[PDB]
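Enquirer: Here you go, one structure.
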Amino acid sequence: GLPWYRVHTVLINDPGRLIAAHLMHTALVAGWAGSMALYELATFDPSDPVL
Amino acid sequence: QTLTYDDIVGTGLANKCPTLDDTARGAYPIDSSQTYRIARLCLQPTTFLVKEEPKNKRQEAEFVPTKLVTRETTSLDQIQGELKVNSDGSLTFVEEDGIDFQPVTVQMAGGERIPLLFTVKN
Ligand code: CLA
Ligand code: CLA
Ligand code: CLA
Ligand code: CLA
Ligand code: CLA
Ligand SMILES: CCCCCCCCCCCCCCCC(=O)OC[C@H](COP(=O)(O)OC[C@@H](O)CO)OC(=O)CCCCCCCCCCCCCCC
Ligand SMILES: CC1=C(/C=C/C(C)=C/C=C/C(C)=C/C=C/C=C(C)/C=C/C=C(C)/C=C/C2=C(C)CCCC2(C)C)C(C)(C)CCC1
Ligand SMILES: CCCCCCCS[C@@H]1O[C@H](CO)[C@@H](O)[C@H](O)[C@H]1O
């Protein structure tokens, strides 16, 4: 069997699932950006750009 | 040609004060021996500004715009009272009665709601 640190090598000879994995990674990164912006908007105080 | 309630209901005109033609640039004579009243005073707000409250009291505060969130419920109307002729020729209006207040909520940028009793009571 594959050791734990090699599990993702099953994608090496599978272009369709490599794309699927790259799609999933892209979804997670874009979701982080959306979640991060929402959290900042919930905490940002806009009342004083000076101090 | 005179408008009725059913011509007006739901239009928003009920919250608007009357206007006068552009030809209305005359003069109404005051006889210091006659008594007068205001039979109807109407006040239609078009802008609500709220003074911002700054952290440093050296900085001069300004009036910022707001968004009205309580709809077309803002005008004072049917206000009446005595219109006195003073000995120096000035006129003094003394409000006695009418729909002379409206609760109003406006909203600042950022969401803070400002309720006020928009009024000319007394
Ligand atoms: C970009 C992220 C990503 C993507 C696209 C893949 C994709 C894949 N993984 Mg890999 N993996 C990842 C990250 C990822 N993995 C991480 C972070 C770990 C450590 C947990 C693993 C450990 C792992 C193993 C052991 C195996 C795979 C396998 C595979 C393949 C089959 C799917 C599977 O069984 O996943 C496994 C399911 C997960 C990894 C779910 C991860 C859950 C995360 C860590 C927690 C999320 C919970 C929640 C949303 C947030 C919690 C927040 C907290 C505040 C509560 C597929 C190629 C399999 C394979 O084909 O091997 C040959 C397989 O056996 N992965
Ligand atoms: C684009 C970047 C990228 C990509 C696509 C890969 C892809 C791969 N790597 Mg490589 N690698 C990378 C960068 C990358 N690596 C970097 C920056 C390092 C130094 C840290 C390495 C060091 C490295 C080693 C030593 C090995 C690989 C191996 C592999 C292969 C299998 C990986 C696996 O199954 O892990 C599965 C991983 C898990 C089940 C859990 C990992 C949990 C980590 C340690 C902590 C959590 C990470 C967190 C959730 C993700 C956020 C990351 C973000 C902040 C960057 C796969 C081809 C292996 C290989 O060659 O197999 C033949 C292998 O031995 N990589
Ligand atoms: C000439 C046409 C063409 C176009 C426009 C692209 C474009 C892209 N490919 Mg490439 N590729 C091509 C030819 C092309 N490729 C060929 C002929 C092969 C050999 C089969 C490959 C093999 C290949 C692999 C193995 C991978 C890519 C990946 C990518 C994407 C990386 C950027 C990304 O995901 O942004 C983020 C995404 C967006 C901003 C969304 C953009 C709007 C999308 C494209 C609308 C999709 C609708 C459309 C009908 C679906 C089919 C798309 C397809 C034609 C590209 C990008 C969309 C990577 C990928 O897909 O990662 C997720 C990836 O892993 N390509
Ligand atoms: C240019 C930017 C960039 C690049 C090159 C990568 C590259 C990678 N990311 Mg992605 N990521 C990015 C931006 C990027 N990321 C952003 C902006 C976000 C939103 C926060 C993410 C969220 C994200 C998630 C949720 C996951 C990835 C994963 C991966 C790895 C998938 C391939 C693999 O199997 O590696 C094999 C793994 C390694 C080579 C280990 C890399 C170790 C990194 C470099 C440091 C982690 C060290 C330490 C243990 C972290 C502890 C964190 C813990 C306290 C929570 C690859 C290294 C996946 C992954 O790691 O799967 C196992 C995964 O689950 N990324
Ligand atoms: C239509 C697509 C689209 C658009 C318009 C935006 C727009 C935006 N993004 Mg989002 N994003 C997208 C898709 C998009 N994104 C996708 C698909 C992902 C997942 C990968 C994300 C993940 C993401 C994250 C994690 C973040 C954003 C953020 C942002 C904001 C800042 C952008 C920035 O600083 O980029 C800077 C871009 C670069 C520095 C580009 C680097 C390009 C490298 C150098 C290219 C090197 C390779 C190239 C082939 C070399 C040859 C070049 C050739 C010409 C010679 C902006 C609103 C930021 C934000 O504010 O979130 C709220 C932020 O943190 N986005
Ligand atoms: C899968 C890739 C993971 C790599 C992560 C490495 C991060 C450290 C920075 C690089 C140091 C370089 C040393 C490489 C040394 C080196 O060359 O090793 C190479 C080795 C692969 O080598 P081989 O294929 O020859 O395998 C040898 C095996 O047979 C062992 O005998 O890679 C690994 O062992 C990956 C696992 C390391 C894992 C380290 C521990 C990670 C735990 C993280 C804890 C996270 C907690 C999260 C809390 C939520
Ligand atoms: C499905 C669908 C939908 C929905 C969507 C959604 C809702 C999404 C979300 C998304 C999301 C919401 C995402 C998120 C993500 C996140 C992430 C991905 C994170 C990560 C993290 C990390 C990676 C970290 C790391 C670390 C730590 C933890 C500590 C410190 C250090 C470090 C930084 C390393 C719609 C309706 C549109 C429609 C279509 C379909
Ligand atoms: C994309 C989903 C957006 C969900 C939240 C949108 C409201 S927008 C939100 O409104 C608050 C109150 O006016 C402000 O304090 C805050 O600065 C602003 O981000």
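A short reminder: the numbers here are calculations on the coordinates, not readings from a lab. Methodologically, a virtual Cβ is constructed for each residue, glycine included, from the backbone with ideal geometry; neighbour enumeration extends over all protein chains shown.
Enquirer: When a/c reaches 1.5 or more, the comparison of a/b and b/c decides; with that in mind, is chain A rounded, prolate or oblate per its Cα gyration tensor?
Expert: Numbers: a/c = 5.62, a/b = 3.28, b/c = 1.72.
Taking the square roots of the gyration eigenvalues as a ≥ b ≥ c, chain A is prolate.
Enquirer: Right, another one. Under 10 Å, Cα contacts only: if you run a Gaussian network model on chain B, which one of B:98, B:81, B:110 comes out with the highest mean-square fluctuation?
Expert: So, out of B:98, B:81, B:110, the one fluctuating most is B:110.
Enquirer: Something else now. Which one, B:112, B:96, B:53, has the greatest fluctuation when you compute a Gaussian network model over chain B with C-alpha springs under 10 angstrom?
Expert: B:53
Enquirer: Now, a different point. Would you tally the net charge around residue B:17, using a Cβ to Cβ cut-off of less than 11 Å, leaving residue B:17 out, and scoring K and R as +1, D and E as -1? List each step's numbers first, then the result.
Expert: Values: positive: B:16, B:40; negative: B:77.
Neighbourhood net charge equals +1.
Enquirer: Cα extents of segment B:15-66 along the three principal axes, largest first, in whole Å?
Expert: 55, 28, 20
Enquirer: A further question follows. For chain A, take the longest principal axis of its alpha carbons; what is the angle in degrees between that and the long axis of helix A:15-43, to the nearest 10 within 0 to 90?
Expert: Value to nearest ten degrees: 20.
Enquirer: Rounded, prolate or oblate, given the Cα gyration tensor of chain B, with a/c below 1.5 counting as rounded?
Expert: Because a/c hits 1.5 or more and a/b fails to exceed b/c, chain B counts as oblate.
Enquirer: Name the most mobile residue of B:78, B:102, B:34, meaning the one with the largest mean-square fluctuation, in a Gaussian network model of chain B with Cα contacts below 10 Å.
Expert: B:34
Enquirer: Hey, another quick one. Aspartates and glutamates near residue B:84 by alpha-carbon distance under 20 Å, same-chain residues fewer than 8 away left out - which ones?
Expert: B:31, B:95, B:96, B:97, B:100
Enquirer: About the Cα centre of segment B:37-122, how large is the charge dipole given +1 on each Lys and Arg Cβ and -1 on each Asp and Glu Cβ? Please answer in debye to the nearest 20. Intermediate results must be reported in sequence, preceding the final value.
Expert: Working: 11 positive and 13 negative charges, 64 e Å.
Roughly 300 debye for segment B:37-122.
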